[PDB]
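S.K.:
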Amino acid sequence: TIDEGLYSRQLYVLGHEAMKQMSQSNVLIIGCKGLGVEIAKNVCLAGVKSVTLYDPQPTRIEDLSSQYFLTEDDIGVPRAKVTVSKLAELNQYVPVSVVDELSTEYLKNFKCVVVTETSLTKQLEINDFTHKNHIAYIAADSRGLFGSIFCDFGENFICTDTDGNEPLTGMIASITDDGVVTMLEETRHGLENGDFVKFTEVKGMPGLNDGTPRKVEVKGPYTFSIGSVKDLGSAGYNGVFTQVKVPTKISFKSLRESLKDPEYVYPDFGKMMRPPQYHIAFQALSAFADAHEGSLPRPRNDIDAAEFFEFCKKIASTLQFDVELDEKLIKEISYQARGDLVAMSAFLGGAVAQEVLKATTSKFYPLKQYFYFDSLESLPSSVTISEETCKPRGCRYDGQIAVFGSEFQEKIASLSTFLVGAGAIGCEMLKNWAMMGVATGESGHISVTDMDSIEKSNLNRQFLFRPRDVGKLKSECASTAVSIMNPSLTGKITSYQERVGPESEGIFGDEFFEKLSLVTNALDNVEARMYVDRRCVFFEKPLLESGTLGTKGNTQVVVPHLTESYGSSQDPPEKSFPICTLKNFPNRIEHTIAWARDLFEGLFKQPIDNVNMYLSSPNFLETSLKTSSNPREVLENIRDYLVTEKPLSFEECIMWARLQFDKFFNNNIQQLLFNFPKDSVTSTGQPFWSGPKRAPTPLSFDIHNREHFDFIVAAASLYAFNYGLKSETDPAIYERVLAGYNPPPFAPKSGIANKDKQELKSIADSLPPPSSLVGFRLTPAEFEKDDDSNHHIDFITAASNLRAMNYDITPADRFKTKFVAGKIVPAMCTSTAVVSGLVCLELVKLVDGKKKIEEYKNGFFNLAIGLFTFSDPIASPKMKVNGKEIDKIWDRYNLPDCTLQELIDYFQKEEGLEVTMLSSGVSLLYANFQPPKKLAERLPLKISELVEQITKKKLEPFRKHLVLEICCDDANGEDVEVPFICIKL
Amino acid sequence: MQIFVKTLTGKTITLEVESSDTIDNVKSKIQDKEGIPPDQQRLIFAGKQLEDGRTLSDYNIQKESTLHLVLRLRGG
Amino acid sequence: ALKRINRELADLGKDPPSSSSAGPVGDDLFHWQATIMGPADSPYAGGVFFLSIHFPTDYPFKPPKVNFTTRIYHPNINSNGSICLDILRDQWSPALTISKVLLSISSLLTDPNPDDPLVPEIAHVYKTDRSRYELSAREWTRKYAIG
Ligand SMILES: Nc1ncnc2c1ncn2[C@@H]1O[C@H](COP(=O)(O)OP(=O)(O)OP(=O)(O)O)[C@@H](O)[C@H]1O
Ligand SMILES: [Mg+2]
Ligand SMILES: [Mg+2]
């Protein structure tokens, strides 16, 4: 009973059973500061049964540094009481409550308990109870630029899925007598040692088809072994194998046991000696707070730092830690103790929320057990960070001024950022910017662009939007929401409903870009990413890229004159199937789904467009005849969609649907088997229908079958929609109409000058003139996956399953069909939070203007397996041109709007290079091999005039530059690469 | 010398190499064992992304070292 | 992209292939028109076939779209001109030039492959009644690829 209209993208990550079990779990959250509120938000969006909050501490001003559900009107009120009302709106299926008193026994009501901003003694008291009652316990902490997470799910945690990957399946060619399984040609199984597999459809070895899993010994990328199958047979041919994933038993240790000998999770392998330091440092922080009435060390205080280091040494001695304490790092932990950054809160909250989901659903591999993280490379170095600058000023930014100082706050307040996209990452980024105080100064500004509208499924991870907002524009709603969060942003955000691309350069032109400080991409496709990357490279602006997919995510930074661009690297392309496989010989459900999508488009979209264009253009016939690859099929479509097969009722639509069923599931299969009989052999003697080719069988229409009836209903309804008729749904009319159907005879054909023109003219004159039909139009079917009342996914599922029945393929349900046909990208809120946190941690590095490449970090992570990794950006390649060092990416030539001959002479004289090719956009302005007359014609013209002539279009009034690509050779004739030319108009 | 490469999806790969091997040889071995073209592979060791044209000894990669094979994601 | 396309065009210009001639249409570098002469030892001998090549915006990282424009009676080419060639769907690696693609298309024309057909009826005729296939191919080339 999961609402698939809301959890659509999340069910593709977790699944139906996982969410069903999650909807029966209670979560308690202790602490309602930035980290606690982040965790509670993510948990509420995920869809747990209920959330309970406990934080009786009254609100303070500094708490607003990362708490976005608190306002300055709430000072002096308990945080949970003021946060519950705003958390109860995120999801209507998740109640949110507040408890004013916590007792140990009460903890038995909850499936998971999350603890933040709690001293170590209380944490030990809570864990001593949760551990022995089998309650999942998570404890998180965020101190300045440092963070920690601890998980303890009990001694007998059962993990059903460990990596979150689909089970591997494959087609076998042969299985020898010793279990050596071999894949088909050029196919990799992808298994590892110790995996379990089960076989089916194996000929010669029936025993392997029982379903019992067997061990796997990967002997190579194409072959593996299962053991000895002597008894079951001698050799097996063909068949399929599917991986079997077995549960695992994970044993956690209590916090009291874990303090003595912790088990670390390393987010960065470049610094593997630090987590032992942070383990002592955080315990020393707890001891210091317990010795000072729960007060953390003051910001950048030397006395408190010395006392904290004494506590650290005492703790290291007590625990018998054989570690050499790093005084600088430990005192840095002391200095930033009172820091509270929204980026760290978002990062840790995403991670902790994913851990909570793991505890409730018993899926994915959890953290085991300590996770200590730092982003100390973000500390500014161009400003004075001292005790005088880091002291609080009684404002909402104290949690950040305690780490960066007032001067860096002034630097942040003067940013002029540009955010592309307003999806999930866009909403998170806007929240982070509002909390950090970005663009709240006199010279600050934020610009956000997005051309999409809010939908029901977007509310599951885009937390700035509400059901009342469905149908509005994302950018406007996000701007209003973030203005509500931080009132200082009123009048300092501009929202556009424009798509960033070649068609919007009149709005995002030179004037717009020259004023920015940085660009942040929040897109979901590669084309827009590449376009924005090129624009930033031309204007020399920093770029922050980030992407997510299910539980995986990455973040990258592009810095002018330092690193390479986003487009300097490659990514795997999307996979497409060969046309021959889709057309005649499918062997997977994906092939049938693609064929069904093509059938839908060709039945309900293309003929309608042809008919409409015929009735609109007064002379469409000539264009169709002289342009279309198959004009006769266009004429046939027009004829039979206008006059011959035009329905006058719904019974005619049902009859048409029955005829189409016969055409596409009974007759074409008969023709194919006539061409290639099941007993046929190839030219080499091998049977034709062997391997990836499955012999089909015709389908005889049976009304009692469910798939046949589904196809008839969907096709009839879509045809009626095309012709705008009333569509029925009661099965009685369908049964009555289809009962009195007499199929026309069909016999496969064996095949065997001016007639074709005669037929075309006969069809042409049969068409009624457009004059007789004025105002009559047919409605094409525009594919829409998210609507469940248009019969689109229903038709695709029915057609795909019928074609699977033709070729004996396992049919897929409507859920998988929607996932495959709709090209849905799985999405999560926790991954979005993590990527936003990482991007905002890099943003402060960009603001500080760091000039070294070892200080920036590109991040990758997978939350299903708990993997985090960071790597320095790649420096931009250099080259030598005319004995000068030239940056390959960030350098350009600045030339006036001179003549083409003058440009060639300039390159010959200054650079000593001979120009061989010069192109602008997608046009070849000049080439060395062109005929002399053409060159003489094109030589004495200016660059702007030449571009206008070649492209046959005038330059826009707002065009202020031309980007030209030039290929030239040196004196010796060796090709030398040069940077592009920026002609100033 | 034997090294381990962990994928962002959780898979583990064992490679037999030598200290003098270049990054190109390692990428070719990974292509042989996985089918990923060398131009699309992103290898990270100790916080440094390995670049073509250099040797393993330049990155201080020793026996039983762990590399991470990562990739960029188009969603968001 | 542009540099790669210009490099390929210059390389084609240096040595006339003598069996193919590809070049940008008008001045659009990403849209080319190519010509293929029918192999001498094939039914399509003495025929000129025009192909349309559409380079993607991500060239050479995505395969170009190559479509036959002249009607051809081949088992692996349908009525829309689509070509059943592996190097153009998923085997595309940014390491081979358009000349290699044209040579592959010419080789495909010299000897069809009916074991994995794209037009089942033509493959059936080719396997069963070869002489009828030869006659049909010659007639189609005469009445479509000449003139
Ligand atoms: N070229 C572009 N210019 C501006 N905004 C863009 C562009 N391309 C995509 N976007 C926006 O980027 C955001 C991408 O985020 P996301 O993919 O999570 O949202 P969505 O596409 O609306 O949702 P879903 O993918 O779940 O159906 C969307 O707002 C999309 O409209
Ligand atoms: Mg949308
Ligand atoms: Mg999207």
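Protein chains in written order, with the deposited numbering: chain A, 14 to 765, 780 to 1012; chain B, 1 to 76; chain C, 2 to 148.
Ideal placement from N, C-alpha and C gives every residue a C-beta, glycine not left out.
Which residues in the same chain have their Cβ closer than 8 Å to the Cβ of A/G939, if we skip the five residues on either side of it in sequence?
M.R.: Contacts found: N909, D997, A998.
S.K.: Along the stretch 541-568 of chain A, where does the CB come closer than 9 Å to a CB of chain B? Name the residues.
M.R.: Result list: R542, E558, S559, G560, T561, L562, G563, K565, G566, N567.
S.K.: Roughly how many whole angstroms lie between the Cα atoms of A/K121 and A/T173?
M.R.: Spanning the two alpha carbons is a distance of roughly 24 Å.
S.K.: Is it true that the CB of A/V451 sits closer than 8 Å to the CB of A/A535?
M.R.: Against a cut-off of 8 Å, the Cβ pair of A/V451 and A/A535 comes out as no contact.
S.K.: Need the endpoints of the beta strand (DSSP E) that A/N688 sits in, please.
M.R.: Here A/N688 belongs to no beta strand (DSSP E); instead the alpha helix (DSSP H) covers 681-688.
S.K.: Counting only Cβ pairs nearer than 7 Å, list the residues of chain C close to A/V949.
M.R.: Under the 7 Å cutoff, chain C gives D29, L30, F31.
S.K.: For A/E992, would you say it is in contact with chain C, using Cβ-to-Cβ distances shorter than 8 Å as the test?
M.R.: Cβ-Cβ to chain C under 8 Å: yes for A/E992.
S.K.: Shorter than 8 Å from the beta carbon of A/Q683 to some beta carbon of chain C?
M.R.: Taking Cβ atoms only, chain C never reaches closer than 8 Å to A/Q683, which makes this a no.
S.K.: Check whether the Cβ atoms of C/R72 and A/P591 sit closer than 8 Å, and answer yes or no.
M.R.: Not closer than 8 Å, so no.
S.K.: Using only alpha-carbon positions, find the residue among B/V26, B/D52, B/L56 that is nearest to B/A46.
M.R.: Ranking B/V26, B/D52, B/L56 by Cα distance to B/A46 puts B/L56 first.
S.K.: Can you tell me the Cα-Cα spacing of B/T14 and B/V5, whole angstroms?
M.R.: So the two alpha carbons sit approximately 7 Å from each other.
S.K.: Looking only at its own chain, which residues have a Cβ that is under 6 Å from the Cβ of A/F633, when we skip the five neighbours before and after it?
M.R.: Only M626, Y627 meet the Cβ criterion.
S.K.: Can you list, in chain order, the stretches of the beta strand (DSSP E) that have 3 or more residues and sit fully within the stretch 861-887 of chain A?
M.R.: The stretch 861-887 of chain A contains no whole beta strand (DSSP E) run of 3 or more residues.
S.K.: Pick out whichever of A/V253, A/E809, A/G203, A/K262 has its Cα sitting closest to the Cα of residue 777 of chain A.
M.R.: Coordinates for residue 777 of chain A are absent; the numbering of chain A skips from 765 straight to 780.
S.K.: To which residues does DSSP link A/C172 through a beta bridge?
M.R.: Partner(s): A/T261.
S.K.: List the residues that DSSP assigns as beta-bridge partners of A/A954.
M.R.: The partner list for A/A954 (beta bridge, DSSP) reads A/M944.
S.K.: What are the start and end residues of the beta strand (DSSP E) that includes A/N567?
M.R.: Run containing A/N567: 565-571, per the beta strand (DSSP E) assignment.
S.K.: How big is the Cα-Cα spacing for A/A93 and A/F822?
M.R.: Approximately 49 Å, taken between the alpha carbons.
S.K.: Given the structure, does A/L443 come close to ligand 1, in the sense that its CB is under 7 Å from one of the ligand's heavy atoms?
M.R.: Not so, every heavy atom of ligand 1 lies at least 7 Å from the Cβ.
S.K.: In chain order, what residues of the stretch 686-702 of chain A put their CB closer than 9 Å to some CB of chain C?
M.R.: Of all residues in the stretch 686-702 of chain A, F687, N688, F689, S693, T695, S696, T697, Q699, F701 have a Cβ within less than 9 Å of some Cβ in chain C.
S.K.: Counting only beta-carbon atoms, is A/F678 nearer than 8 Å to chain B?
M.R.: Judged by the 8 Å Cβ criterion, A/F678 is not in contact with chain B.
S.K.: Could you spell out the range, first to last residue, of the alpha helix (DSSP H) harbouring A/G160?
M.R.: Element bounds for A/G160: not the alpha helix (DSSP H) but the beta strand (DSSP E), 159-165.
S.K.: Hey, would you say the C-beta of A/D924 is under 7 Å away from at least one heavy atom of ligand 3?
M.R.: No, since every heavy atom of ligand 3 falls outside the 7 Å radius drawn around the Cβ of A/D924.
S.K.: Nearest-angstrom Cα distance between A/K424 and A/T896?
M.R.: Roughly 29 Å separates the two Cα atoms.
S.K.: Pick out the complete alpha helix (DSSP H) segments inside the stretch 681-764 of chain A, 4 residues or longer, and give them in chain order.
M.R.: Complete alpha helix (DSSP H) runs here, min 4: 681-688, 719-736, 744-752.
S.K.: Figure out for me which residue from A/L868, A/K980, A/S898 has the closest Cα to the Cα of A/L392.
M.R.: For A/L392, the nearest C-alpha among the options comes from A/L868.
S.K.: Please classify A/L648 as buried or exposed, where buried requires at least 16 other C-beta atoms within 10 Å of its C-beta.
M.R.: Per the 10 Å Cβ criterion, buried.
S.K.: Could you give the first and the last residue of the continuous alpha helix (DSSP H) run that contains B/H68?
M.R.: Run containing B/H68: none in the alpha helix (DSSP H); it sits in the beta strand (DSSP E), 66-70.
S.K.: What are the start and end residues of the alpha helix (DSSP H) that includes A/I414?
M.R.: From DSSP, the alpha helix (DSSP H) with A/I414 extends over 411-417.
S.K.: Can you list the residues of chain A that residue 1 of chain C reaches, using a CB-CB cut of under 9 Å?
M.R.: Residue 1 of chain C lies beyond the stretch modelled for chain C, which goes from 2 to 148, so this question has no answer here.
S.K.: Between which two residues does the alpha helix (DSSP H) carrying C/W93 extend?
M.R.: Unbroken run through C/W93: none, as it is neither H nor E.
S.K.: Quick check: what's the CA-CA separation for B/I61 versus A/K505?
M.R.: When rounded, the distance between both Cα atoms is 50 Å.
S.K.: For chain B, is any of its Cβ atoms less than 8 Å away from the one on A/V539?
M.R.: Cβ-Cβ to chain B under 8 Å: yes for A/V539.
S.K.: Of all the alpha helix (DSSP H) runs that stay within the bounds of the stretch 431-487 of chain A, which reach a length of 4 or more residues?
M.R.: Complete alpha helix (DSSP H) runs here, min 4: 437-449.
S.K.: If we require 4 or more residues per run, which alpha helix (DSSP H) segments fall completely within the stretch 282-324 of chain A?
M.R.: Listed in chain order, the complete alpha helix (DSSP H) runs (minimum 4 residues) inside the stretch 282-324 of chain A are 288-303.
S.K.: So A/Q583 contacts chain B; which residues on that side make the cut at Cβ distance below 7 Å?
M.R.: Here the neighbours are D39, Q40.
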